[PDB]
Protein chains: 2
Amino acid sequence: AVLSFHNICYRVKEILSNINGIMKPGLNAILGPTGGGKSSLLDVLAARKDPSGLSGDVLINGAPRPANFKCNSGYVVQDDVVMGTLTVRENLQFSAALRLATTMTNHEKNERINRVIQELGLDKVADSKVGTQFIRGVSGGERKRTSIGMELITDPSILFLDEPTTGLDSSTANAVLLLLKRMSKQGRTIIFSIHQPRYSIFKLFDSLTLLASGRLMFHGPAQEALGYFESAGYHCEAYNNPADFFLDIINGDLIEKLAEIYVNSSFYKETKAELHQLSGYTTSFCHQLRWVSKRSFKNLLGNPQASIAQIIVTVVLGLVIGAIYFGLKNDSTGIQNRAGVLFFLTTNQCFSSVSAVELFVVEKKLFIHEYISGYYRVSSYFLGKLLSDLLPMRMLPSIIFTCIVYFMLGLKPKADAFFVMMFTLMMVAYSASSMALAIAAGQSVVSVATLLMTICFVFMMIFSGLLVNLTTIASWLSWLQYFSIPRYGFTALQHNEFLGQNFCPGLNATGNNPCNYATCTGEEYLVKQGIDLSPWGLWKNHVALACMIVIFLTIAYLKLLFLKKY
Amino acid sequence: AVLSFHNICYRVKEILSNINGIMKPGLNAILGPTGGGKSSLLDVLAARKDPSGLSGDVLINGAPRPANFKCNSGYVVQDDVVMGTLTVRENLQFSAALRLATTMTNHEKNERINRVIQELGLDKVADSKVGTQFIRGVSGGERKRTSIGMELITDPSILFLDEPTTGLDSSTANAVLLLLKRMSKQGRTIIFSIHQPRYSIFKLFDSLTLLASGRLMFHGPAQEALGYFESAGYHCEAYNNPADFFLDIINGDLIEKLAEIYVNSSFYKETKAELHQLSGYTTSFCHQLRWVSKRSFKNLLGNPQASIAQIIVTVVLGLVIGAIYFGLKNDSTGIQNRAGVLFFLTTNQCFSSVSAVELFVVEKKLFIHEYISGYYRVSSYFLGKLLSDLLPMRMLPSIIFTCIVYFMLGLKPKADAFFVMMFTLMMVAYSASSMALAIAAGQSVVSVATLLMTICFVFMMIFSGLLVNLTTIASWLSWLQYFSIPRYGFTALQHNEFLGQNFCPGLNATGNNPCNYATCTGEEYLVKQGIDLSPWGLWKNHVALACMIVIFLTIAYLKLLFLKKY
Ligand SMILES: CCc1c2c(nc3ccc(O)cc13)-c1cc3c(c(=O)n1C2)COC(=O)[C@]3(O)CC
Ligand SMILES: CC(C)CCC[C@@H](C)[C@H]1CC[C@H]2[C@@H]3CC=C4C[C@@H](O)CC[C@]4(C)[C@H]3CC[C@]12C
Ligand SMILES: CC(C)CCC[C@@H](C)[C@H]1CC[C@H]2[C@@H]3CC=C4C[C@@H](O)CC[C@]4(C)[C@H]3CC[C@]12C
């Protein structure tokens, strides 16, 4: 299975102008600087770029590239897109779990996992965690092998590598490059964009194609490259590295004048003659939903440095709130006291979900690469992570909260009120996380995602039934009370709270009482806040919060789905 | 003026083990990998490392290095430590302004600024801004020249360069390296740690010293380097770069076995013979305070992208608060309304000073390099930046705040109360910025500095006279009300606010009124909050905030002063 390409015109400014040539089923390479069209060529030959600006055709052994070309052809990304806090065994099981289980059994596909672990030579650390900047594990030289080995389980005919020696301890860099020479013995087409090979792997090159500023310099084998520029006009004598002299022509010891000599060279004309003669999902839904939810859950308690950080600051917050309000009295200092704390617990939960923005952006390149390679549909990924790293995570600043705070105060001595308060505190937390997830899903940096959300949770903090008394502002702006998350929190936390008790000792003020502006009963206080006293009015917020969840989640589901993934 | 060095033993593990050798008043170089003792040698030869682990001696032309060796010897740092948003002219004026004005006039030192701009060749873009990742300006090839030219105004005998070709568009890299060859024609000792020269500047090397894993490989001139390893055992034939073959011996095509041949080589023995024969502030305070305050002030409105961002979100916040509370009534819904907003304005100002942590950490390497080179004392830098980027910056979320909010509510229709509220809102803002400055000065990353401070401004948010009613909690924890910034805000903002008005229409409740729990008068409300009613009790917070400022600023002044600056 060979690749070939003819007259590629690519506009965003034409970035890939006049590229054409063939490959060989061996070890191909893309050379040149990073400023040129070197990296942009390999993306278009791997169908990574969009076909909008594409004009030329890529012919694999004469046939055009089919729709599932990206399903069968692995593309190793430049950075470590391996999961850092996972075992290398189950790291390799994951990519095997979504591309292959349509027909074959589990114990049928187990053998090719054990096959690719030995031809990679990765049985040595096969039961170790990979390692990241947070936690250690397997060394960085074998992190690239895990990226390469991950894309070998489904059967490849072409294999791509995006800059495979970017900072790989060059004494260790050669071993993986010999392995690709060892991988090409089966017939794997290895097209990579290598960044400055010195001389060692430069003699083990089967074919090469050097580019500069969007212009083809030269295509040909490495044994034919040394005799080229000596017959072109710039000499490369002794103590002059070949792969670094070939870029010295565009340093200027002009930009197109070197590229013309290749047209009337004895390399390009016979590639045109062979170009002219060749010119004339897969896995079930519930199988996908399990496995991606298995990964992030294992990723969560594989690195429990930021998960248990939220638990401890919650348990210490609840004890501190419990130590502050250790027994709340029904005196005149009750209303300022119990509406104060029940304000605080919602707007904590609305604000402590600032750290829900790091859910789709710390693994965005883990999402774009795994979606476009064909692992799963988007709604499988999105439903997978929510019930794995938003549902069990944001369910315990809530049920851990009430049990440590409601018994240290004695808010309302019941069990339904203990069970409705526990319900709504996890309901705000699911909302304002998703609100923070809505305006942060499908972005690259967390920077403007935190600044935009935090200034949005201030206007929600104002309209919350505490700092305003919403009934008193004018109706041309009091419509903004509905566009606020913790108001639905604070109302629901108050409606189950002011129902039977009297903040008026020594007197009773039900219907016959003089001397108003008293606010003795809480039901008198609630109409000062204008809260309706119906039992519908309690659950009116929860459906309003539940419909706040759905519109915020599907706009996040839209934003990942309509993401420019090329 | 030549440098020499003998038997350097350096422990943190011995990192610089057995280094010795001489220099030449020309162009010296330090070679090897980044993993070795290459970068750590140049720091010790520039007196950048601490002399704690140092054992050997560095002899400059036989004399030991004096105390003000660092005053006369420039050290160019690896990254661009030039000020990005400043003009190249005034960028070069700055370093001239602090090292030279002790005797000579301003118009005497102006000539050497015009002298070093032409021998650098930087008159072409001399009136342009430098440029950063935020705003453009002079291209990145001439950013390194501005770092080099900055350390030339005071007269150098030795000049250091920390890795001067780290990503400098290698076609442009040669021009600055020829300039150092052109600079060495005067007699400037140029010792740099160059990272992988290919061949071009490798022939323009006067002396070189290659190191590996803390072991000296070889010291000598570049013309004597090519004949070394051919007479040592590993051959470097044609199409083999010399500077990359010299590191290939430690790749292994062992770690000390190559380093032994240098001991019985004809290079080291005659350097020992010459080593054995050589073996036997400045500127006023107020002149320093002006110039550093001129720099950051010019840096502030040189990049007014984040300065005017805070102004607009302030003016839009004040209009929104003004639109919400457009006329606050003296009904029963006054106390919840006016204590609500006056809670919000303090805890905004306490929280909106989260962005004061980026004051000593976005330019920390701009501080360590400029302190140790001898530009100023620390208290000059610390008093310089506060009245330039904390005092005029955090004075206008306050006086811009009251004028847009006090007239849209009519809080207390006076002019003293307008002038005490404007005073205290800038007093909280100066406090909680410095509180955020205290636990962030002298750190490298803003990450744990934001997480620690924001969870600290929650416990200050609770004990604030709103969510607690501080008089009702037990005295074993109510001592924590004093360790909270905006309580002093909220009390002082309330004491000038509840003094003459009555939230009790149709009745008067001064001393003769039945039907308690009424809170008609505000002075009755203040003793429900337990605020003392003395006019001392108003200003009691401001001195408590002013003494909060001093202890937080001098712990920041201590933290910069006792910083490990080696
Ligand atoms: C409810 C406690 C609470 C708050 C904030 N953050 C938290 C974070 C974690 C946590 O557990 C509890 C938090 C926060 C932030 C800000 C303001 C504010 O009132 N609060 C309150 C005012 O407005 C601002 O600009 C902003 O600084 C936004 C950055
Ligand atoms: C795109 C973003 C802003 C959508 C915001 C969602 C909010 C504004 C929408 C979604 C669901 C809606 C709520 C669902 C139904 C009810 C119950 C009714 O008795 C009061 C209005 C109320 C509470 C609606 C108010 C507006 C609402 C809360
Ligand atoms: C190291 C950090 C925690 C220091 C914190 C500064 C605070 C806690 C210190 C510094 C200055 C001190 C205040 C200065 C004087 C007064 C006025 C007095 O009538 C009440 C106590 C009060 C208000 C002090 C309380 C404690 C205080 C506020």
# chains A, B, ... in the order shown; residues from 1 in each chain; ligands from 1
$ interface_residues --of "chain B" --to "chain A" --cutoff "6 Å" --atoms "only C-alpha atoms" --output "PyMOL selection string"
chain B and resi 171+238-241+251+337+340+467-468+515+518
$ write_last_selection --atoms "C-alpha atoms" --output "compact mmCIF listing (two decimals), in the first residue's frame"
# COMPACT_ATOMS: atom_id res chain seq x y z
CA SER B 171 19.60 32.91 9.76
CA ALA B 238 33.46 13.89 6.48
CA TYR B 239 29.72 14.73 6.67
CA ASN B 240 30.07 14.74 10.46
CA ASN B 241 29.59 18.03 12.25
CA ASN B 251 25.58 9.28 23.69
CA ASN B 337 -31.09 46.80 51.13
CA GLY B 340 -26.59 44.48 51.32
CA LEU B 467 -23.79 36.49 57.44
CA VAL B 468 -23.07 35.87 61.13
CA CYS B 515 -43.33 46.27 70.61
CA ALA B 518 -38.64 46.36 65.63
$ closest_atom_pairs --of "chain A" --to "ligand 2" --cutoff "7 Å" --atoms "only C-alpha atoms and all ligand atoms" --output "CSV"
residue,atom,partner,partner_atom_place_in_ligand_line,distance
A:482,CA,ligand 2,25 (C),5.9
A:483,CA,ligand 2,8 (C),5.0
A:540,CA,ligand 2,17 (C),6.1
A:541,CA,ligand 2,23 (C),6.5
A:543,CA,ligand 2,14 (C),6.7
A:544,CA,ligand 2,23 (C),4.4
A:545,CA,ligand 2,28 (C),6.8
A:547,CA,ligand 2,11 (C),4.7
A:548,CA,ligand 2,6 (C),4.7
A:551,CA,ligand 2,4 (C),6.0
A:552,CA,ligand 2,2 (C),6.8
$ write_last_selection --atoms "N, CA, C and O atoms" --output "PDB file, in the first residue's frame"
ATOM      1  N   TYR A 482     -34.544  36.183  37.239  1.00  0.00           N
ATOM      2  CA  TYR A 482     -34.677  34.819  36.769  1.00  0.00           C
ATOM      3  C   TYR A 482     -33.421  34.312  36.094  1.00  0.00           C
ATOM      4  O   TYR A 482     -33.259  33.099  35.948  1.00  0.00           O
ATOM      5  N   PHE A 483     -32.527  35.208  35.696  1.00  0.00           N
ATOM      6  CA  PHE A 483     -31.300  34.817  35.013  1.00  0.00           C
ATOM      7  C   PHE A 483     -30.175  34.698  36.037  1.00  0.00           C
ATOM      8  O   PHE A 483     -29.081  35.227  35.864  1.00  0.00           O
ATOM      9  N   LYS A 540     -40.668  24.793  42.592  1.00  0.00           N
ATOM     10  CA  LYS A 540     -40.672  25.611  41.384  1.00  0.00           C
ATOM     11  C   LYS A 540     -39.251  25.958  40.957  1.00  0.00           C
ATOM     12  O   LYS A 540     -38.968  26.112  39.765  1.00  0.00           O
ATOM     13  N   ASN A 541     -38.342  26.073  41.919  1.00  0.00           N
ATOM     14  CA  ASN A 541     -36.963  26.381  41.581  1.00  0.00           C
ATOM     15  C   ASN A 541     -36.240  25.170  41.020  1.00  0.00           C
ATOM     16  O   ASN A 541     -35.371  25.315  40.154  1.00  0.00           O
ATOM     17  N   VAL A 543     -37.253  22.552  39.224  1.00  0.00           N
ATOM     18  CA  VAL A 543     -37.508  22.397  37.803  1.00  0.00           C
ATOM     19  C   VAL A 543     -36.892  23.554  37.036  1.00  0.00           C
ATOM     20  O   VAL A 543     -36.333  23.343  35.955  1.00  0.00           O
ATOM     21  N   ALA A 544     -36.899  24.760  37.602  1.00  0.00           N
ATOM     22  CA  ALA A 544     -36.220  25.879  36.971  1.00  0.00           C
ATOM     23  C   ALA A 544     -34.716  25.692  36.953  1.00  0.00           C
ATOM     24  O   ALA A 544     -34.051  26.149  36.019  1.00  0.00           O
ATOM     25  N   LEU A 545     -34.173  24.996  37.943  1.00  0.00           N
ATOM     26  CA  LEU A 545     -32.763  24.653  37.897  1.00  0.00           C
ATOM     27  C   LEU A 545     -32.518  23.468  36.982  1.00  0.00           C
ATOM     28  O   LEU A 545     -31.479  23.404  36.321  1.00  0.00           O
ATOM     29  N   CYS A 547     -34.277  22.688  34.290  1.00  0.00           N
ATOM     30  CA  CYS A 547     -34.273  23.220  32.937  1.00  0.00           C
ATOM     31  C   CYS A 547     -33.130  24.197  32.705  1.00  0.00           C
ATOM     32  O   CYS A 547     -32.820  24.497  31.551  1.00  0.00           O
ATOM     33  N   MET A 548     -32.495  24.695  33.764  1.00  0.00           N
ATOM     34  CA  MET A 548     -31.257  25.438  33.573  1.00  0.00           C
ATOM     35  C   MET A 548     -30.108  24.503  33.233  1.00  0.00           C
ATOM     36  O   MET A 548     -29.172  24.897  32.529  1.00  0.00           O
ATOM     37  N   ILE A 551     -30.389  23.235  29.203  1.00  0.00           N
ATOM     38  CA  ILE A 551     -30.058  24.217  28.175  1.00  0.00           C
ATOM     39  C   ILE A 551     -28.573  24.568  28.233  1.00  0.00           C
ATOM     40  O   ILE A 551     -27.937  24.826  27.206  1.00  0.00           O
ATOM     41  N   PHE A 552     -27.979  24.495  29.422  1.00  0.00           N
ATOM     42  CA  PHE A 552     -26.551  24.737  29.541  1.00  0.00           C
ATOM     43  C   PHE A 552     -25.725  23.534  29.114  1.00  0.00           C
ATOM     44  O   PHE A 552     -24.579  23.697  28.691  1.00  0.00           O
TER      45      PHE A 552
END
$ residues_around --residues "residue 34 (chain A)" --least-positions-apart "6" --cutoff "12 Å" --atoms "only C-alpha atoms" --output "PyMOL selection string"
(chain A and resi 40-41+162-163+166+193-196+210-214+247) or (chain B and resi 167+169)
$ write_last_selection --atoms "N, CA, C and O atoms" --output "compact mmCIF listing (two decimals), in the first residue's frame"
# COMPACT_ATOMS: atom_id res chain seq x y z
N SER A 40 2.34 21.28 7.82
CA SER A 40 1.04 21.35 7.16
C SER A 40 0.89 20.33 6.05
O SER A 40 -0.23 20.03 5.65
N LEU A 41 2.00 19.80 5.53
CA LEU A 41 1.89 18.74 4.53
C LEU A 41 1.41 17.44 5.15
O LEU A 41 0.49 16.81 4.62
N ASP A 162 3.80 12.92 13.92
CA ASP A 162 3.98 14.37 13.94
C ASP A 162 5.17 14.69 14.84
O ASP A 162 5.03 14.75 16.06
N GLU A 163 6.33 14.92 14.22
CA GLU A 163 7.58 15.36 14.83
C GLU A 163 8.03 14.46 15.97
O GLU A 163 7.99 14.88 17.13
N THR A 166 10.89 15.54 19.18
CA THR A 166 10.87 16.84 19.83
C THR A 166 11.24 16.68 21.29
O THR A 166 10.36 16.45 22.13
N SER A 193 7.34 13.72 9.98
CA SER A 193 7.93 15.04 9.76
C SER A 193 9.02 15.20 10.81
O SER A 193 8.81 15.84 11.84
N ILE A 194 10.20 14.65 10.52
CA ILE A 194 11.26 14.65 11.51
C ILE A 194 11.91 16.03 11.59
O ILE A 194 12.04 16.76 10.60
N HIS A 195 12.26 16.41 12.81
CA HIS A 195 12.82 17.73 13.10
C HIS A 195 14.30 17.57 13.40
O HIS A 195 14.67 17.09 14.48
N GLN A 196 15.13 17.99 12.45
CA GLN A 196 16.59 18.02 12.49
C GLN A 196 17.23 16.69 12.88
O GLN A 196 17.75 16.57 13.99
N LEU A 210 11.78 17.31 1.35
CA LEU A 210 12.10 18.51 2.10
C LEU A 210 11.35 19.70 1.52
O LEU A 210 11.28 19.87 0.29
N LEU A 211 10.80 20.53 2.40
CA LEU A 211 9.97 21.66 2.02
C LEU A 211 10.48 22.92 2.69
O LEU A 211 11.15 22.85 3.73
N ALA A 212 10.17 24.08 2.11
CA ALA A 212 10.60 25.35 2.66
C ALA A 212 9.67 26.46 2.21
O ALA A 212 9.51 26.68 1.01
N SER A 213 9.11 27.19 3.19
CA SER A 213 8.20 28.34 3.00
C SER A 213 7.04 28.01 2.07
O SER A 213 6.62 28.83 1.25
N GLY A 214 6.51 26.80 2.20
CA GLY A 214 5.45 26.37 1.31
C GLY A 214 5.90 25.99 -0.08
O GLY A 214 5.06 25.89 -0.98
N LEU A 247 18.94 22.99 4.62
CA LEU A 247 18.20 24.16 5.04
C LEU A 247 19.04 25.42 5.04
O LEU A 247 18.51 26.52 5.22
N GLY B 167 16.51 29.68 20.07
CA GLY B 167 15.37 30.01 19.23
C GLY B 167 15.41 31.43 18.71
O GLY B 167 14.55 32.25 19.05
N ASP B 169 15.88 32.32 15.17
CA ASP B 169 15.75 32.32 13.71
C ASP B 169 17.12 32.26 13.05
O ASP B 169 17.55 33.26 12.46
$ select_by_dssp --residues "region 165-344 of chain A" --states "strand (DSSP E)" --output "JSON, numbers by chain"
{"A": [189, 190, 191, 192, 207, 208, 209, 210, 211, 212, 215, 216, 217, 218, 219, 220]}
$ closest_residue --among "B:55, B:484, B:154, B:296" --to "residue 17 (chain B)" --atoms "only C-alpha atoms"
B:55
$ atom_distance --atom1 "CA of residue 530 (chain A)" --atom2 "CA of residue 512 (chain A)"
21.2 Å
$ residues_around --residues "region 423-439 of chain B" --least-positions-apart "6" --cutoff "8 Å" --atoms "only C-alpha atoms" --output "PyMOL selection string"
chain B and resi 345-346+349-351+353-354+356-357+359+390-391+394-395+397-399+449+453+485-486+489+492-493+542+545-546+548-549+552-553+555-556
$ select_by_dssp --residues "region 13-140 of chain B" --states "helix (DSSP H, G or I)" --output "PyMOL selection string"
chain B and resi 38-45+69-72+88-99+106-119+140
$ write_last_selection --atoms "N, CA and C atoms" --output "short mmCIF file (atom, residue, chain, number, x, y, z; two decimals), in the first residue's frame"
data_model
loop_
_atom_site.label_atom_id
_atom_site.label_comp_id
_atom_site.auth_asym_id
_atom_site.auth_seq_id
_atom_site.Cartn_x
_atom_site.Cartn_y
_atom_site.Cartn_z
N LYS B 38 27.10 22.62 32.19
CA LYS B 38 27.38 23.70 31.25
C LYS B 38 26.79 25.01 31.73
N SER B 39 25.48 25.02 32.01
CA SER B 39 24.83 26.24 32.48
C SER B 39 25.27 26.59 33.90
N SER B 40 25.59 25.59 34.71
CA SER B 40 25.99 25.86 36.09
C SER B 40 27.41 26.38 36.19
N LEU B 41 28.25 26.16 35.17
CA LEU B 41 29.58 26.73 35.20
C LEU B 41 29.55 28.23 34.99
N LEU B 42 28.79 28.68 33.99
CA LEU B 42 28.76 30.09 33.63
C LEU B 42 28.17 30.94 34.74
N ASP B 43 27.25 30.38 35.52
CA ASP B 43 26.72 31.10 36.67
C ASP B 43 27.78 31.29 37.74
N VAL B 44 28.62 30.29 37.97
CA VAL B 44 29.62 30.41 39.02
C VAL B 44 30.76 31.31 38.56
N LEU B 45 31.03 31.32 37.25
CA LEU B 45 32.06 32.23 36.73
C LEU B 45 31.54 33.65 36.62
N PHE B 69 32.54 42.78 41.78
CA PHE B 69 32.73 42.12 40.50
C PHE B 69 31.43 42.07 39.71
N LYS B 70 30.31 41.86 40.40
CA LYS B 70 29.01 41.79 39.73
C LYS B 70 28.53 43.16 39.28
N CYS B 71 29.07 44.23 39.86
CA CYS B 71 28.73 45.57 39.40
C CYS B 71 29.31 45.88 38.03
N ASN B 72 30.50 45.35 37.71
CA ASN B 72 31.20 45.71 36.48
C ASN B 72 31.04 44.69 35.36
N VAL B 88 12.77 51.32 22.92
CA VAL B 88 14.15 50.85 22.99
C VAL B 88 15.09 51.97 23.43
N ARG B 89 14.77 53.21 23.08
CA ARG B 89 15.53 54.36 23.56
C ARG B 89 15.47 54.46 25.08
N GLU B 90 14.26 54.57 25.63
CA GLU B 90 14.13 54.70 27.08
C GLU B 90 14.42 53.38 27.80
N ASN B 91 14.39 52.26 27.07
CA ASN B 91 14.86 51.00 27.65
C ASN B 91 16.35 51.05 27.92
N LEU B 92 17.11 51.68 27.04
CA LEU B 92 18.54 51.80 27.24
C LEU B 92 18.88 52.94 28.18
N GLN B 93 17.98 53.92 28.31
CA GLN B 93 18.21 55.01 29.26
C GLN B 93 18.10 54.52 30.69
N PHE B 94 17.33 53.45 30.92
CA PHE B 94 17.02 53.04 32.29
C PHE B 94 18.24 52.50 33.00
N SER B 95 18.95 51.57 32.37
CA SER B 95 20.15 51.02 32.97
C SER B 95 21.27 52.05 33.07
N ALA B 96 21.26 53.04 32.19
CA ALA B 96 22.19 54.15 32.32
C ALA B 96 21.82 55.07 33.47
N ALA B 97 20.57 55.06 33.91
CA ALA B 97 20.11 56.02 34.89
C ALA B 97 20.46 55.65 36.32
N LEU B 98 20.80 54.39 36.60
CA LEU B 98 21.01 53.96 37.97
C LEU B 98 22.44 53.58 38.30
N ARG B 99 23.30 53.38 37.30
CA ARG B 99 24.66 52.94 37.58
C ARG B 99 25.69 54.05 37.41
N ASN B 106 23.58 64.53 33.51
CA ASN B 106 22.69 63.83 32.59
C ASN B 106 23.21 63.96 31.16
N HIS B 107 23.57 65.17 30.76
CA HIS B 107 24.06 65.41 29.41
C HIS B 107 25.51 64.97 29.22
N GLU B 108 26.15 64.43 30.26
CA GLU B 108 27.45 63.79 30.07
C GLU B 108 27.27 62.31 29.74
N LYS B 109 26.34 61.64 30.41
CA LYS B 109 26.11 60.23 30.16
C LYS B 109 25.21 59.98 28.96
N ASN B 110 24.69 61.03 28.31
CA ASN B 110 23.88 60.82 27.11
C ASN B 110 24.70 60.35 25.92
N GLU B 111 26.01 60.59 25.91
CA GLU B 111 26.80 60.31 24.72
C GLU B 111 27.09 58.82 24.57
N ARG B 112 27.33 58.14 25.69
CA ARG B 112 27.58 56.70 25.64
C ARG B 112 26.33 55.90 25.34
N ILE B 113 25.15 56.47 25.56
CA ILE B 113 23.93 55.85 25.05
C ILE B 113 23.92 55.88 23.54
N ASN B 114 24.28 57.02 22.96
CA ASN B 114 24.37 57.14 21.51
C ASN B 114 25.58 56.42 20.94
N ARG B 115 26.54 56.05 21.78
CA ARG B 115 27.69 55.29 21.30
C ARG B 115 27.34 53.82 21.18
N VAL B 116 26.64 53.26 22.17
CA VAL B 116 26.33 51.84 22.17
C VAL B 116 25.13 51.51 21.30
N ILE B 117 24.40 52.51 20.82
CA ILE B 117 23.30 52.22 19.91
C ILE B 117 23.80 51.96 18.50
N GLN B 118 24.98 52.48 18.14
CA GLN B 118 25.52 52.33 16.80
C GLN B 118 26.48 51.15 16.67
N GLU B 119 27.29 50.88 17.70
CA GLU B 119 28.11 49.68 17.67
C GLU B 119 27.27 48.43 17.85
N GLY B 140 11.96 39.58 17.02
CA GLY B 140 12.63 38.80 18.05
C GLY B 140 14.13 38.66 17.87
#
$ closest_residue --among "A:67, A:216, A:179, A:315" --to "residue 33 (chain A)" --atoms "only C-alpha atoms"
A:216
